[PDB]
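Novice:
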Amino acid sequence: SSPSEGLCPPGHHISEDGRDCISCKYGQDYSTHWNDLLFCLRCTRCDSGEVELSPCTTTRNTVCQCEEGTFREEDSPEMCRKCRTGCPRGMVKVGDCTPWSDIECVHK
Amino acid sequence: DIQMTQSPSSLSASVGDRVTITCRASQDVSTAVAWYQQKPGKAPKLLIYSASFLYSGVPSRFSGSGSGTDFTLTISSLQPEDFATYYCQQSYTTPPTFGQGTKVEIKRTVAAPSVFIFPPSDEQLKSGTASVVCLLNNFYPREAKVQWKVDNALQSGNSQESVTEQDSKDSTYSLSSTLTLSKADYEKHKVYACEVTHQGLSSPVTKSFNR
Amino acid sequence: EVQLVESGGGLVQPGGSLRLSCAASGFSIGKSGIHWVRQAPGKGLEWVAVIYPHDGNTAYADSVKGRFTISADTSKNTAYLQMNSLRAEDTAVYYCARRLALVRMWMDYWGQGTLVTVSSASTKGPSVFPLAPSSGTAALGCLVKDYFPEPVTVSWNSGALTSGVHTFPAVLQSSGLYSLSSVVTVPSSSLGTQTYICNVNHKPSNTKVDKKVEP
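Residue numbers (the numbering used here), protein chains in the order written: chain U, 1028 to 1135; chain E, 138 to 348; chain Z, 8 to 222.
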């Protein structure tokens, strides 16, 4: 409720007169750091291509992952692409497809 | 008060490329810097505030860093939606000031233009003027030289060019050159020619008509 | 959802006055504020003013001090930029944005903007001339000549013909009047069959032309 040095804590925004720290609305908005924003930030919705991994809280935006069938790597900024269903002609599977990676193959 | 100098003015890049835009304040502005994105015909959008914090709905491939004088916007892997002009802002003092912009355009293979020439219509001649228009269609890169010749006499100071933004499908440019003459000066000459020079052409292409 | 809508733009004489409005929805202007920022045609962004309606506090760019006044009506959730003693160099798209932060001038939810033109030149509608095809792909167009101010709008076949279409940015001729061409490429086999009509609109002069382009 009390700002310190004109910044409010994570999960809160500052009031218009700079004297109150107001809680973000859980499941609707968030702030992750000590800020002087007059508004909390809008939570990202995992619409169609992506399913929700973790919900939005006041201090944390929601985290998405691609649905089963598609994958994206660890810190990969790339868009989400389809997993192969089988290895090419003359190779074997040594790893299954997840949200995290493609199927892994190897020769003979 | 405080100049923000962006660099580069413009860059070309491919989907996937790592891109780095730098802004330099003429003074210490600590971390009181934002970055904005603007596409043609549209209003700016906030990406980043207080040097490194992402605004809502901004993907994680966007990264801001810096403090004091030197600031940086990074795009780790360029996406089709990321070709736009980017602007730095300082808000350390009033008034807040902007850099002049970094336009991020898309790199593709060389493509030669298709060239067309268009005489004045009779409707226009009736009004006492003549516009001859030369179209260069769907070329890359943007660099193109258009010369006008009227009976082999090089024309200077009586034409104007306009260039299209990079096409959304094929990423090419097009340009028009328009040569304006009075109907009297138009009707004193026979051959009207537009000569085009561009990397994709092995030799300059000329289009012409006889009045 | 938050939305800001600018209104009040238009063409005025030097020395003249214009009042811009910015209607806010989805948040209280009284609990934040509004910024005005302008972009001259082809240029970057120049901040002009801000207002904090809670305490009436305002600030202005040096370019604009003494001539522009920013105000707000919290009951109508609207801000206004009263622009007086206008100069040619005030010509720009004016955007309003919401005051996102207490101290910093961070701006989000910018509106589409409103064009303000300051000139002693009169409104002038364009003449539209055919760029006729056939000097296989064929090129044809419309030359939209000698108008003021911006903008002009161009479509083909009432918006049904969008593929192959290029309507170029306007260029200011040395006369002070704009011109532009809109062009399209089509199969040259269609020139005897499909009719092509450029639909030109110049709202500033109430000009509406539909011109058939024939070989």
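All residues carry an ideal CB built from backbone N, CA and C; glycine is no exception.
1. Kindly indicate if chain Z contains any beta-carbon less than 8 Å away from that of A169(E).
2. Could you pull the start and end residues of the alpha helix (DSSP H) that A321(E) belongs to?
3. Hey, does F190(E) have any beta-carbon neighbour from chain U nearer than 8 Å?
4. Roughly how far, in whole angstroms, is the beta-carbon of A30(Z) from the beta-carbon of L1065(U), given that I think they are within contact range, below 8 Å?
5. Can you confirm whether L11(Z), when its beta carbon is compared against all beta carbons of chain U, has any partner nearer than 8 Å?
6. Mind pulling the beta strand (DSSP E) runs of 3 or more residues that sit fully within the segment 184–228 of chain E?
7. If contact is defined by three or more beta carbon pairs under 8 Å, each pair taking one atom from either stretch, is the segment 141–149 of chain Z in contact with the segment 109–122 of chain Z?
8. Taking all protein chains shown into account, do 16 or more other C-beta atoms lie within 10 angstroms of the C-beta of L291(E), making it buried, or fewer, making it exposed?
9. Just to confirm, are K282(E) and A330(E) a CB contact at a threshold of 8 Å?
10. In chain E, what lies closer than 8 Å to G120(Z) by C-beta?
11. Identify, in the order they occur along the chain, each residue of the same chain with its Cβ nearer than 8 Å to the Cβ of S1028(U), setting aside the five sequence neighbours on each side.
12. Which class does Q297(E) belong to by DSSP, given the choice of helix, strand or coil?
13. Using a C-beta cutoff of 8 Å, does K344(E) count as contacting chain Z?
14. Buried or exposed: where does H173(Z) fall if 16 or more other Cβ atoms within 10 Å of its Cβ makes it buried?
15. Going by Cα to Cα distance, which pick from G236(E), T222(E), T266(E) is closest to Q303(E)?
16. Between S200(E) and the rest of its own chain, which residues show a CB-CB distance below 6 Å, the 5 nearest in sequence each way excluded?
17. With a CB to CB cut of under 6 Å and the five nearest residues on each side skipped, what residues in its chain are close to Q297(E)?
18. Whose Cβ in chain U lies nearer than 7 Å to the Cβ of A108(Z)?
19. For the 8 Å Cβ check, are there 3 or more pairs between the segment 1118–1126 of chain U and the segment 224–244 of chain E?
20. Report yes or no: is there a C-beta of chain U within less than 8 Å of the C-beta of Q174(E)?
21. Please check if any C-beta of chain E sits within less than 8 Å of the C-beta of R1087(U).
22. If you count every other CB in all the chains shown that lies within 10 Å of the CB of residue 5(Z), and 16 or more means buried, which is it?
23. Using 8 Å as the threshold, is the C-beta distance between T121(Z) and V100(Z) below it?
24. Write down every uninterrupted run of the beta strand (DSSP E) in the segment 27–110 of chain Z whose length is 3 residues or greater and which is fully enclosed by it, in chain order.
25. Find the residues of chain Z that neighbour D1044(U), judging by a C-beta separation of less than 7 Å, and give them in chain order.
26. So, is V1133(U) buried or exposed, given that buried needs 16 or more other C-beta atoms within 10 angstroms?
27. Please confirm whether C149(Z) and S212(Z) have their CB atoms less than 8 Å apart.
Specialist: On the basis of the data shown:
1. On the second sequence, residue 169(E) is found 32 positions in, with the first residue counted as 1. It does; some Cβ of chain Z falls within 8 Å.
2. By one-based count along the second sequence, residue 321(E) stands at place 184. Its alpha helix (DSSP H) spans residues 320–323.
3. In the second sequence, the residue the question calls residue 190(E) occupies position 53. Chain U, which has a Cβ nearer than 8 Å to the Cβ of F190(E), makes this yes.
4. Locating residue 30(Z) in the third sequence gives position 23, counting from the first residue. Locating residue 1065(U) in the first sequence gives position 38, counting from the first residue. 19 Å between Cβ atoms; not a contact.
5. Counting from one through the third sequence, the residue named residue 11(Z) turns up at place 4. It does not: the Cβ of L11(Z) has no partner Cβ on chain U nearer than 8 Å.
6. 199–204, 207–212, 222–227
7. no
8. On the second sequence, residue 291(E) is found 154 positions in, with the first residue counted as 1. Exposed, by the Cβ-count rule.
9. Here residue 282(E) is taken as the residue at index 145 of the second sequence, counted from 1. Here residue 330(E) is taken as the residue at index 193 of the second sequence, counted from 1. No, the Cβ-Cβ distance between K282(E) and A330(E) is not below 8 Å.
10. Indexing the third sequence from 1 puts residue 120(Z) at position 113. Per Cβ cutoff of 8 Å: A180.
11. Position 1 of the first sequence, counted from the start, is the residue given in the question as residue 1028(U). These residues qualify, in order along the chain: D1047, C1048.
12. The sequence position of residue 297(E) within the second sequence is 160, counting from 1. Reduced to three states, the DSSP call for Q297(E) is strand.
13. Counting from one through the second sequence, the residue named residue 344(E) turns up at place 207. Taking Cβ atoms only, chain Z reaches closer than 8 Å to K344(E), which makes this a yes.
14. Locating residue 173(Z) in the third sequence gives position 166, counting from the first residue. Classification of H173(Z): buried, given that the 10 Å Cβ count is 16 or more.
15. In the second sequence, the residue the question calls residue 303(E) occupies position 166. Comparing Cα positions, the closest option is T222(E).
16. For the purposes of this step, residue 200(E) is taken as residue 63 along the second sequence, with counting starting at 1. Cβ neighbours of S200(E) beyond the five flanking positions: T211.
17. Residue numbering aside, residue 297(E) sits at position 160 when the second sequence is read from its first letter. Excluding residues within five positions, the ones whose Cβ falls inside 6 Å are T315.
18. As a first step, residue 108(Z) is located in the third sequence; it is residue number 101 there, counting from the start. Simply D1063, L1064, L1065.
19. no
20. Residue 174(E) sits at position 37 when you count from the first residue of the second sequence. False, the Cβ-Cβ gap to chain U never drops below 8 Å.
21. For the purposes of this step, residue 1087(U) is taken as residue 60 along the first sequence, with counting starting at 1. Not an interface residue.
22. Nothing can be reported for residue 5(Z): it is not among the residues displayed for chain Z, which extend from 8 to 222.
23. Walking along the third sequence from the start, residue 121(Z) turns up at place 114. Walking along the third sequence from the start, residue 100(Z) turns up at place 93. Against a cut-off of 8 Å, the Cβ pair of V100(Z) and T121(Z) comes out as a contact.
24. 41–46, 52–59, 64–67, 75–80, 85–90, 99–106
25. Working through the first sequence from its first residue, we reach residue 1044(U) at position 17. In chain order: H61.
26. For the purposes of this step, residue 1133(U) is identified with residue 106 of the first sequence, where counting begins at 1. When all chains shown are included, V1133(U) counts as exposed.
27. Sequence index remark: in the third sequence, residue 149(Z) carries index 142 (1-based). Sequence index remark: in the third sequence, residue 212(Z) carries index 205 (1-based). In this structure, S212(Z) does not lie closer than 8 Å to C149(Z) by Cβ.
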